[PDB]
Number of protein chains: 10
Amino acid sequence: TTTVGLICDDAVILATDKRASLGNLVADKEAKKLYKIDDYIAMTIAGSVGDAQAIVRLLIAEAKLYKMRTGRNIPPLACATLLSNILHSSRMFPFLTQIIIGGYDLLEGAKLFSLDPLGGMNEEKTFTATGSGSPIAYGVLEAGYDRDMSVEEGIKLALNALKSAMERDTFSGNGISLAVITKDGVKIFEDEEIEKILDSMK
Amino acid sequence: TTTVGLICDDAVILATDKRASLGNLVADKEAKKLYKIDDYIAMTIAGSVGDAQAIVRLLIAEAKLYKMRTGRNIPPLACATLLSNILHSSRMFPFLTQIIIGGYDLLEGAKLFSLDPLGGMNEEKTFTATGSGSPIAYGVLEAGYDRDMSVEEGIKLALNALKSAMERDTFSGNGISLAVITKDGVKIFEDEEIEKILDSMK
Amino acid sequence: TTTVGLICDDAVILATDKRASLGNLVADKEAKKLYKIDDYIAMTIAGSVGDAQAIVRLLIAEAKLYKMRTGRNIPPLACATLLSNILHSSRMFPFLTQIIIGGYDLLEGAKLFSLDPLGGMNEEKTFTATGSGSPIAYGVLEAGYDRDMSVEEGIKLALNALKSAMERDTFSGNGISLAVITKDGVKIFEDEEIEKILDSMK
Amino acid sequence: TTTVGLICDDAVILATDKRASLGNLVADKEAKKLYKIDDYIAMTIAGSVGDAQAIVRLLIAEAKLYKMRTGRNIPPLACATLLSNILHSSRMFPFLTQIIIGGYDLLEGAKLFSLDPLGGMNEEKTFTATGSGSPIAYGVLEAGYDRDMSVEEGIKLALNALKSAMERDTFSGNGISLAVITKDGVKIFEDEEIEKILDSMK
Amino acid sequence: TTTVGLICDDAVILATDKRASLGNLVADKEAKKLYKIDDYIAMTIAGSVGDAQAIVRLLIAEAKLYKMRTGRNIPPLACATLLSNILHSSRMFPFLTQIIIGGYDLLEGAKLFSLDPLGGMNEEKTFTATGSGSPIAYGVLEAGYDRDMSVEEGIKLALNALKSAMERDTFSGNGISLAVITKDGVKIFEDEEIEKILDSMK
Amino acid sequence: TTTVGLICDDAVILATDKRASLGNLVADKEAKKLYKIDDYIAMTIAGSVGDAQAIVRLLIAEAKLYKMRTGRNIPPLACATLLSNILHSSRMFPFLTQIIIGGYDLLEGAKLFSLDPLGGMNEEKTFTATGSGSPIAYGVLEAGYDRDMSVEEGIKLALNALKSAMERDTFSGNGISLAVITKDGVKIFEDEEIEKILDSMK
Amino acid sequence: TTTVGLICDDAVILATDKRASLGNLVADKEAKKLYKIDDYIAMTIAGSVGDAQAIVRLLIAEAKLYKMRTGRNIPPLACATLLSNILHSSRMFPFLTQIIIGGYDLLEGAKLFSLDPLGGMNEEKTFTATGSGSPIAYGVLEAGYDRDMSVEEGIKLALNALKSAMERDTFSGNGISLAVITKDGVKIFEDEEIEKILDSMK
Amino acid sequence: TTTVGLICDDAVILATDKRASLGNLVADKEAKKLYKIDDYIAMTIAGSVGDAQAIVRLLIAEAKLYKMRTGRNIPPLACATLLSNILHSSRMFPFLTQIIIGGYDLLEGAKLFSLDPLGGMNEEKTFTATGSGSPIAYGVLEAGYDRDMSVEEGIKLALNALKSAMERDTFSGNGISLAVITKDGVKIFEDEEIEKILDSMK
Amino acid sequence: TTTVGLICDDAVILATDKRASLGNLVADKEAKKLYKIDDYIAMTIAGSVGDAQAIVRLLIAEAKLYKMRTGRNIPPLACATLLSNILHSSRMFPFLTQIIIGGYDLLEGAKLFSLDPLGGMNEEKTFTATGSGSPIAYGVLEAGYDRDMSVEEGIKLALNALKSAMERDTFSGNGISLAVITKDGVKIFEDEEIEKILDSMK
Amino acid sequence: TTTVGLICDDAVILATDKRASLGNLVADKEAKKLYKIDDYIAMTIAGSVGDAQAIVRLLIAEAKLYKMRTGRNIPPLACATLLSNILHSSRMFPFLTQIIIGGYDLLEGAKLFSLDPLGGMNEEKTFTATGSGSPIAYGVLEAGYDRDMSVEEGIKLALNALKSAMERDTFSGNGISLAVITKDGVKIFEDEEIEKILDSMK
């Protein structure tokens, strides 16, 4: 339970922690928290699994539909304003969970949106992160981030948020996943190759 | 969480604080709290995000519709009386959130409306503010407001309220936004330019 | 319930509000909230009446005793750390309440101290206020206060903090009392004269 | 929150306190609490704003309707029994709020009705009041009232209740609105002229 | 439970309500609420009977003692500051009950002191009333009082407060007792004679 | 809230207390607690006003209807068993309120029915009372009643209960009204003539 | 649990109800609730037995002690004020129970006192009663009582209170005990002879 | 409420945030959170003010005491193991509050200590931090620290922990205080010179 | 209440514990916890018997139906994604209980899925387990498992988790049950034969 | 918080995990949980830090004193039954926390004692563990322990428990620490060397 989103020049970087946290017990030694909904968009779930779980499937299906009914791949800032709506439906109700959506706007460029359980949404121009061990990761960014950085200088800083949080949060910190959305697509990093990085790092 | 409205001569001014406040954690370094719904009206959200979030959208439509179904741009003191009703509906229900709406009536001139989560609505003739750190902001105005203080001496005083509150409230105070509605329109100030002012102040 | 304190040049100013408040009812149209313990130090009680009330008597005596036994009028920052200890003796216990002590140190000059019901103490180099109607007062000061504003520009600002709180708090604002401690003494303004100022103001 | 109703010879008097009360804060230096529904009837809310707020609107309508549907301007003692019912409707439900209606029945004359949030209704032959600061106002009336006290000795007495309450109730006491329903119509006093009275008084 | 105090020129007046209130039931058709401790001072008890009850006897003793050990009938403002302490002894403890003491100070003249169960003390320069139905009695005063109202205009106004509350309070209002302390002594009015006034009145 | 009913020979008597009770405050110096539904039957509400209030109207309408659809003035013991059902419909629900109905059944004669808010009903052949201040009234009866005490000895005994309870109950005892149903009709006593009796009494 | 006290010319009467009440069960077909402590004084307990039980014994001794220590049989209005203190001793503590003491003072005549478990005390000049079925008994007295009702018209009025209550209170009403304290002594009525009276009545 | 500590080669660094936090309101624009008790040791308080306030004084005394009674300046890890004890004395009790102490041991060298409100102690060989915004600050350290980072690379890093935490924490971030203890002494940095650093940085 | 699953080369293993635990009493010396739903998949419940019981049935039909409607034996990772759905429907509602599904995908091979009462789902590539005494079982696997192991070293380890749990858990551990799914089928081990193994083990 | 102890041939092994867990945050990357109290006994705390902390010191003292007072190094099972007693003294009191003591008795040999916060104690002949993630460690033991497993096979097992716990427990497992007591002494392993083992392991 720990995610990070940030814009660095061209596109947007997203990373999580493959750690499922069943009270005292470590339940999953590898649990996805990073999903690609559409060819230009993807997201990170934080918090109530079975809840976000559905919120993913109960959404991708609304994307890979809008794409069809009207060509354009659900423009991110539009697909987002669903979630803002989807959640808030369950305000009167019990809903819950965190969420970051990061995808490339057909035209308007890269976009990064943050999302609270109720339905609060904000476009994060700089960087944002969420999770059990968010404020740990946060501190990393708020003092290691510059408007420009790079394609490279992003995914580095990126890990190094998780690197701290993951070893300073009881609940986050088992394995790590990462994908980057850019104009031409979305790359899920197959674990093995991820690792390369912090090796070349410190 | 801190906003401000006041009538000053010609038109009406509004301001917020782009700070989002996830309990202990500062969550958004730039959260919009000031929205224009119609070419002649604008409002300010204080409180429950994803709640006030929807009430915006679930109100803007209603405008850029009334506008259409009947020419006159939803006269402000009518649109307001919608929220008094749009709110009160969820009294039996869990609604909540603050709100200031101001706009230049086709004819009756400038108008400024406070508003509570229940549905209580009041026309403010002078100046009113809302937000976690509002009572701070309040002192400012109620010892810095005259009946007729220029198109300038208002947006000055406006800031200064936030200046205070922002730096004397755990919850408010990260960046600032502002717009002034007047007969001929509604001006969203692009961050950069706001600044000039408190530079030209103290 | 709404007190202020501030250091303007020479010495330090103090101001209360003669308003006692019994839940709904207004109980005292004139309650002293400003007490002078020792010829060079004066203090303001805020909150739990008969609890503060004693902490007064149960202290003045300690002063006009120290003074005697060792000449030197209990230097302020030394009387204060008394309260820090006096209070914190009833930490285990149910003590409670607010308090501002401001005195002229024989030689160290002007001093201003803030105080919480536990024992938390702090020297205010600038200004501080306390009370049910505090964060109103506070908004006035934080944006109407300069390192060096006369003995005049201080008692003015002193009033306009109370002027705000008093008529933007349900609990502050029946009458006002004001005294100023300065090297040679401590003036307890006798109502009538106080009023002279907001007349000569706006 | 503090309203008064009383009968004096000819017709009936109503007066409020333009004071809004967000707990500690004072939220509206100027809030209407006296509404005229029908050309011959007028009412004063006391208590939950947005609840009362609607109950005005969700009633005025039924008035200027019954009026059209059957000539006669909804005779007061009948409109009232609506409320008795309109309220008791949300008995099974969370309704709430006080009220006083006073009107001149086409023929029966002056009438004045007390009203609790449940639906409890009682015609007041003499004088009645209600609101946060009601029992203050009361003492005044119960010892400043005689069967036949002129049109004048009415509205004089009236302010003087509010005069007491507004200045002995943490929650009442900011401004005062007054109107008088009499056979020929319903006079809403525009702030300025009202004051004239306590000038001519003591 | 509803007592009054007020300072009219010469000396000071005190009035009670001989009405005891055992919850639903009216338990005593005649319960003294006004007590003379010392030939120059007198007090009224409000609320917790068997508590105030002790606080009376547990005190008059203290007075007609100090009196002896040192001539000077225990000056009022000094006796009073006993209760300030007496009560606040049992803050740490479960104490409670209201109080008004009023005496003629050997020299300083007339005094009037209010007193809450914690121990909070204040001298009342004008008028002050305590008791289940106090807020009624108040309004009477706050709008029937002038600096210099005759020895007569005093006891007149004194009853008319209790006249009000006694018939607008479920707990007060079964009979009434009055005494006026003046330089030379303290007059307990023997029921029958009291009655006089409200008959020469209206 | 203190009503009485009792069968004295020919017919039946009912009496109330015009005293309304808003918690601490006495809110209505005259509140009708005795209603005549049909020319042969009358009732006395006790307790939840706004609730009983409806229950009178939402009933008389049934009476003067049955009365129409089939001549016979809805027999008492039959309208009674309505209530029994009427009430118990809202058992599943939140209903409440006390009740006594007494009428002259076309043939069966005089009737008297007790009634609790759930739906429990009993024919009282003797006498019965309900009201915040009932049990007092009761004692009067249970030791001032005989099978055959005249139409007179009836309404003498009837006041003298109230006499008691009205000055031994915090909640009852402001004004009194009385009506007697007998074969030929139902007598509402206009206050004035009522009094006549306790004058002729002791 | 139901007792009575009242003054009738010469002396003072006291009556109880031998009925014990273990919640649902009826636990003593015959329990004393009237105790003679001193040759000139007698008292009635209502409420927590084992508590009162003590308060009797832990008092009796104090009388038949003071007696010896100083000739005069503890004057009632003095012994009484013990209790006032004996109770208020366990205010800080969980003491509880009612009481009526009545005796003939060596010189001052007859005396009758009411007593609440806190320590609240009042001389009753007229008539008073207390206990589970007190308010019932009261009604009787409040309308069957006159300043000067014989030695007989007293003890008669007496039973008849109990008569009502004992047959209208779930908790009182099993057998009855009575005694009368008059100058020369205190008479304990042995059940049989008591009886005689209501045989001679109605 | 955000302190940090860390061991960099020679000696040890410590840093706070002069931000006090009365819940919603920011109470102190400059609250000391760093204290030097003895020429060779210094500590930081985080959390319960008036509790740790004491704990400081209530310890300083015992340092500059031990020192005398036996020359040697109270060795750090011996001073520490007082707190461990000075806290756990109030386990049975309501004590509370965080803490770091750090000094240069006579011979053993630089020492740093972590301390929880119970009495939890550990020696921190690397770096540690505490307070409302602690984990934010942590993150910084955990990915920005090396065993042997210059005296300089460590006061750099420290700020930046705070830089972070202070603007990612509703409760931290008003001003910054820093000191460094090393063999020869303890340097408290006077606000102005602190500043130099993040000017020469980013 | 203690199940296990893990993939070993070819296929997948499952095991339970035939113990049901009725609070303090052992209620079932043999309760099935392992269910085959379709010829190529098998699942294990843990926890709320009669809820899961249903979820078995209310599932085996949705299997052997899809199977018919479209040949393909409801592929595992889809069937599962029913349960991720079937559960969450009753998120809003009171649904609960553990679960592990695992069967041979037609083509994709061996699959293993965990599942929580809310409907979170996580494919396990290695091994996982659930139930009152899970973690005990866990510790065994996590330190006795290798990517390959074998068909044999599989079911050997598997028991050996249960051997621990069942003898270190108050709620697990009455007998064991075992089945393996592999491409061609799904063996349910008939008590007797299971045994063999820990005979040929330690 | 996850400790272990098991007897193996000659002597006794212990082990912990240097992980401290301030709720959600990891507060100590290395916190000591394994303590030597006497040259022949060693112990391991688990759980409540500053309490246990104390129970160590407030114990080691009692060791090396008995030592001196009477030569024989406090024999373990006697030492132990201190703690059974030292604990329970504060059952009446809030004590708490886990514990295992392990020492070579002068003659009887090797001893291993488990201990609960109330004071229960059991010597373990085989193996026992404790701390938040204890049972995980447990399952490793109960299935990897033989009566006679060398000095080596023990400490190998030992870590191996920890290996699971630490890697399946939210609150255990930041680094590890180890010590073996044996006739001639007590080896506290200094991190670096420990490591060697799981290198020569799997």
# chains A, B, ... in the order shown; residues from 1 in each chain; ligands from 1

$ residues_around --residues "segment 128-134 of chain A" --least-positions-apart "2" --cutoff "8 Å" --atoms "only C-alpha atoms" --output "list in words"
residues 1, 2, 3, 4, 5, 6, 46, 47, 98, 99, 100, 114, 124, 126, 136, 137, 138, 165, 166, 168, 169, 171 and 172 of chain A; 27 and 28 of chain B; 24 of chain J

$ write_last_selection --atoms "N, CA and C atoms" --output "short mmCIF file (atom, residue, chain, number, x, y, z; two decimals), in the first residue's frame"
data_model
loop_
_atom_site.label_atom_id
_atom_site.label_comp_id
_atom_site.auth_asym_id
_atom_site.auth_seq_id
_atom_site.Cartn_x
_atom_site.Cartn_y
_atom_site.Cartn_z
N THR A 1 0.84 -1.18 0.00
CA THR A 1 0.00 0.00 0.00
C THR A 1 0.88 1.23 0.00
N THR A 2 1.35 1.61 -1.18
CA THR A 2 2.15 2.84 -1.35
C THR A 2 2.40 3.16 -2.86
N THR A 3 1.84 4.26 -3.37
CA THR A 3 1.99 4.65 -4.78
C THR A 3 2.54 6.05 -5.06
N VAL A 4 3.13 6.20 -6.24
CA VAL A 4 3.72 7.45 -6.66
C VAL A 4 3.45 7.82 -8.12
N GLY A 5 3.09 9.08 -8.30
CA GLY A 5 2.87 9.64 -9.61
C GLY A 5 3.57 10.99 -9.75
N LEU A 6 4.08 11.25 -10.95
CA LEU A 6 4.84 12.44 -11.16
C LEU A 6 5.00 12.63 -12.65
N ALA A 46 -4.80 2.16 -4.08
CA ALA A 46 -4.25 2.19 -2.75
C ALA A 46 -5.37 1.95 -1.75
N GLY A 47 -5.18 1.05 -0.79
CA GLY A 47 -6.21 0.86 0.21
C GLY A 47 -7.11 -0.36 0.07
N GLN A 98 -8.20 4.95 -2.44
CA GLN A 98 -7.37 5.98 -3.08
C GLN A 98 -7.27 5.68 -4.56
N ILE A 99 -6.52 6.50 -5.30
CA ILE A 99 -6.33 6.34 -6.77
C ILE A 99 -5.58 7.47 -7.51
N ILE A 100 -4.63 7.06 -8.36
CA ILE A 100 -3.91 7.97 -9.26
C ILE A 100 -4.12 7.46 -10.69
N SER A 114 -5.27 12.86 -8.99
CA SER A 114 -5.32 12.25 -7.66
C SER A 114 -6.75 12.10 -7.23
N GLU A 124 -2.75 17.00 -10.58
CA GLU A 124 -1.48 17.27 -9.95
C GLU A 124 -0.52 17.63 -11.07
N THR A 126 2.63 18.88 -10.73
CA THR A 126 3.97 18.47 -10.34
C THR A 126 4.07 16.96 -10.09
N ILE A 136 5.87 9.14 3.66
CA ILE A 136 7.29 8.83 3.52
C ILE A 136 7.74 9.12 2.08
N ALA A 137 7.19 8.40 1.11
CA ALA A 137 7.56 8.63 -0.28
C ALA A 137 7.51 10.12 -0.61
N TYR A 138 6.44 10.78 -0.18
CA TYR A 138 6.25 12.18 -0.47
C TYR A 138 7.55 12.90 -0.22
N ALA A 165 10.04 4.87 1.89
CA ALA A 165 8.77 4.34 2.39
C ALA A 165 8.78 2.82 2.62
N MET A 166 9.22 2.05 1.63
CA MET A 166 9.22 0.57 1.69
C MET A 166 10.03 -0.06 2.83
N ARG A 168 10.46 1.97 5.71
CA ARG A 168 10.10 2.79 6.86
C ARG A 168 8.59 2.76 7.10
N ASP A 169 7.91 1.87 6.40
CA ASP A 169 6.48 1.64 6.62
C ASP A 169 6.12 0.17 6.88
N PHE A 171 3.64 -1.29 6.53
CA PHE A 171 2.64 -1.84 5.62
C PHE A 171 3.02 -1.89 4.17
N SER A 172 3.96 -1.04 3.78
CA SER A 172 4.46 -1.04 2.42
C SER A 172 5.83 -1.64 2.44
N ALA B 27 -1.88 17.17 1.21
CA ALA B 27 -2.15 16.25 0.11
C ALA B 27 -2.05 16.87 -1.28
N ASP B 28 -2.54 18.10 -1.41
CA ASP B 28 -2.48 18.82 -2.68
C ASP B 28 -1.87 20.22 -2.50
N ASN J 24 2.16 2.55 12.41
CA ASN J 24 2.33 2.42 10.97
C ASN J 24 3.77 2.63 10.52
#

$ select_by_dssp --residues "segment 111-152 of chain H" --states "strand (DSSP E)" --output "VMD selection string"
chain H and resid 111 to 115 121 to 123 127 to 130

$ interface_residues --of "chain E" --to "chain D" --cutoff "6 Å" --atoms "only C-alpha atoms" --output "short mmCIF file (atom, residue, chain, number, x, y, z; two decimals) with C-alpha atoms, in the first residue's frame"
data_model
loop_
_atom_site.label_atom_id
_atom_site.label_comp_id
_atom_site.auth_asym_id
_atom_site.auth_seq_id
_atom_site.Cartn_x
_atom_site.Cartn_y
_atom_site.Cartn_z
CA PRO E 135 -32.55 34.59 31.90
CA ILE E 136 -36.17 35.70 32.20
CA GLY E 139 -34.29 40.87 30.36
CA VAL E 140 -36.50 42.75 32.79
CA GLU E 142 -31.38 44.90 31.15
CA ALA E 143 -34.35 46.96 29.96
CA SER E 164 -41.73 37.62 34.86
#

$ atom_distance --atom1 "atom CA of residue 155 of chain C" --atom2 "atom CA of residue 13 of chain C"
6.7 Å

$ residues_around --residues "residue 33 of chain H" --least-positions-apart "3" --cutoff "7 Å" --atoms "only C-alpha atoms" --output "JSON, numbers by chain"
{"H": [16, 17, 18, 44, 45, 46]}

$ residues_around --residues "residue 8 of chain C" --least-positions-apart "3" --cutoff "10 Å" --atoms "only C-alpha atoms" --output "PyMOL selection string"
chain C and resi 5+11-13+110+125-127+145-155

$ write_last_selection --atoms "N, CA, C and O atoms" --output "mmCIF file, in the first residue's frame"
data_model
loop_
_atom_site.group_PDB
_atom_site.id
_atom_site.type_symbol
_atom_site.label_atom_id
_atom_site.label_comp_id
_atom_site.auth_asym_id
_atom_site.auth_seq_id
_atom_site.Cartn_x
_atom_site.Cartn_y
_atom_site.Cartn_z
ATOM 1 N N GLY C 5 -1.884 40.204 23.357
ATOM 2 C CA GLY C 5 -0.631 40.687 23.909
ATOM 3 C C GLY C 5 0.315 40.998 22.772
ATOM 4 O O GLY C 5 0.301 40.344 21.728
ATOM 5 N N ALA C 11 7.481 48.884 25.496
ATOM 6 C CA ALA C 11 6.981 47.903 26.428
ATOM 7 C C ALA C 11 5.964 46.987 25.759
ATOM 8 O O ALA C 11 6.064 46.710 24.567
ATOM 9 N N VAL C 12 4.985 46.531 26.534
ATOM 10 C CA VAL C 12 4.048 45.509 26.088
ATOM 11 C C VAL C 12 2.602 45.915 26.426
ATOM 12 O O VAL C 12 2.349 46.500 27.479
ATOM 13 N N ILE C 13 1.661 45.618 25.532
ATOM 14 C CA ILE C 13 0.253 45.960 25.756
ATOM 15 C C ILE C 13 -0.631 44.748 26.049
ATOM 16 O O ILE C 13 -0.404 43.657 25.525
ATOM 17 N N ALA C 110 11.404 44.421 27.997
ATOM 18 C CA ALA C 110 10.036 43.965 27.828
ATOM 19 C C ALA C 110 9.993 42.475 27.541
ATOM 20 O O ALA C 110 10.866 41.945 26.844
ATOM 21 N N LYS C 125 8.118 36.929 21.079
ATOM 22 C CA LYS C 125 8.966 38.062 20.755
ATOM 23 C C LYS C 125 8.159 39.121 20.034
ATOM 24 O O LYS C 125 8.486 40.307 20.082
ATOM 25 N N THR C 126 7.091 38.671 19.382
ATOM 26 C CA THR C 126 6.227 39.530 18.582
ATOM 27 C C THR C 126 4.897 39.813 19.275
ATOM 28 O O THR C 126 4.778 40.749 20.047
ATOM 29 N N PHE C 127 3.894 38.999 19.007
ATOM 30 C CA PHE C 127 2.580 39.233 19.566
ATOM 31 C C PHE C 127 1.971 37.875 19.778
ATOM 32 O O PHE C 127 2.368 36.904 19.142
ATOM 33 N N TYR C 145 0.752 44.352 12.008
ATOM 34 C CA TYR C 145 1.795 44.372 13.023
ATOM 35 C C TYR C 145 3.191 44.411 12.403
ATOM 36 O O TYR C 145 3.514 43.602 11.520
ATOM 37 N N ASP C 146 4.009 45.342 12.901
ATOM 38 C CA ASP C 146 5.367 45.604 12.404
ATOM 39 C C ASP C 146 6.362 45.648 13.577
ATOM 40 O O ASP C 146 6.032 46.153 14.654
ATOM 41 N N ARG C 147 7.565 45.114 13.369
ATOM 42 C CA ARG C 147 8.584 45.066 14.410
ATOM 43 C C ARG C 147 8.466 46.251 15.355
ATOM 44 O O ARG C 147 8.496 46.093 16.576
ATOM 45 N N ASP C 148 8.308 47.434 14.767
ATOM 46 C CA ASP C 148 8.433 48.708 15.473
ATOM 47 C C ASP C 148 7.265 49.657 15.253
ATOM 48 O O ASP C 148 7.344 50.592 14.473
ATOM 49 N N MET C 149 6.179 49.424 15.959
ATOM 50 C CA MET C 149 5.050 50.314 15.859
ATOM 51 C C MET C 149 4.799 50.927 17.212
ATOM 52 O O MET C 149 4.628 50.232 18.200
ATOM 53 N N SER C 150 4.787 52.247 17.237
ATOM 54 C CA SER C 150 4.707 53.036 18.462
ATOM 55 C C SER C 150 3.891 52.475 19.616
ATOM 56 O O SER C 150 3.119 51.542 19.462
ATOM 57 N N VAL C 151 4.073 53.098 20.775
ATOM 58 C CA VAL C 151 3.205 52.913 21.924
ATOM 59 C C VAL C 151 1.793 53.261 21.518
ATOM 60 O O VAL C 151 0.832 52.841 22.145
ATOM 61 N N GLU C 152 1.670 54.068 20.480
ATOM 62 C CA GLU C 152 0.363 54.430 19.987
ATOM 63 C C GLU C 152 -0.123 53.365 19.012
ATOM 64 O O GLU C 152 -1.160 52.741 19.229
ATOM 65 N N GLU C 153 0.651 53.138 17.954
ATOM 66 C CA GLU C 153 0.306 52.162 16.916
ATOM 67 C C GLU C 153 0.185 50.727 17.442
ATOM 68 O O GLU C 153 -0.133 49.805 16.704
ATOM 69 N N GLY C 154 0.440 50.557 18.729
ATOM 70 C CA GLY C 154 0.256 49.278 19.377
ATOM 71 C C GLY C 154 -1.088 49.192 20.075
ATOM 72 O O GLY C 154 -1.792 48.202 19.910
ATOM 73 N N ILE C 155 -1.446 50.211 20.858
ATOM 74 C CA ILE C 155 -2.724 50.196 21.564
ATOM 75 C C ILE C 155 -3.872 50.393 20.605
ATOM 76 O O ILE C 155 -5.010 50.043 20.916
#

$ select_by_dssp --residues "chain G" --states "helix (DSSP H, G or I)" --output "number ranges by chain"
G: 49-69, 76-88, 134-142, 151-166, 191-200

$ atom_distance --atom1 "atom CA of residue 93 of chain F" --atom2 "atom CA of residue 91 of chain A"
27.2 Å

$ residues_around --residues "segment 70-85 of chain H" --least-positions-apart "4" --cutoff "9 Å" --atoms "only C-alpha atoms" --output "number ranges by chain"
H: 38-41, 55, 59, 62-66, 89-90, 101-106, 110-113, 115-121, 123; J: 50, 53-54

$ atom_distance --atom1 "atom CA of residue 43 of chain A" --atom2 "atom CA of residue 196 of chain A"
23.2 Å
